[PDB]
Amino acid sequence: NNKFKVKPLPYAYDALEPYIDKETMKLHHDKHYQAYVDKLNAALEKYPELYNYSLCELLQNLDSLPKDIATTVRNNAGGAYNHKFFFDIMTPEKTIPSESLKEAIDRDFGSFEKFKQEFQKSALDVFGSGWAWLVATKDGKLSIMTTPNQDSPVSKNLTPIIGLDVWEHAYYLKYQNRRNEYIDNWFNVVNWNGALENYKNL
């Protein structure tokens, strides 16, 4: 069986309280993430050789996939990849920026504080469903960008370092309309060690 799978949450469903509620973690992982994976697998039944592509490979070749599944793969491989990434980039452990990622943030944004301000503003300004990302070019230059729906920076040859889901399902149960509060709180759970590995994998 080479079908795509949902990665088990890397910590307890209540591990991110009080910043993200357990009920949301259950729904987000067990229902939303699970649905993207199921829908992707269903779409590929017609072209089973595609089960041997990685999620990244699907995302890097959306415009050359068979026409009849291009959109479904974009949405659902996007959803599968972004959510796997998202749960991996959070942690109950305390972490801070370090080594080359820490230096790069200072270099490219001036300071951690300026980076944080810009990231929070970009996340807040996403209109409709989408994501805010810290991304790196292949040479390690950092910037902040957003994507709509389940579109991914991977499709633009940019490497996600950290990323925040600002679909309303990610925050409504606890924060309702107050996305600003969600964004501010989320920084308490960003896994900076994971982000560092993401940066080093360039």
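Residues carry their position along the shown sequence, with the first being 1.
Annotation for 107 to 115 versus 72 to 80: the higher mean temperature factor (C-alpha) is found in 107 to 115.
The stretch 134 to 142 shows the higher mean C-alpha B-factor when 134 to 142 is compared against 28 to 36 in the entry.
Sort the modelled residues of the chain by CA B factor and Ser155 lands in the middle third. In this PDB entry, the Cα temperature factor of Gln120 sits in the middle third of its chain's modelled residues.
Annotation for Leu65: C-alpha temperature factor in the middle third relative to the rest of the modelled chain, per the entry. Looking at the C-alpha B-factors along this chain, the one for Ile161 belongs to the middle third. Compared with the other modelled residues of the chain, the Cα B-factor recorded for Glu49 ranks in the highest third.
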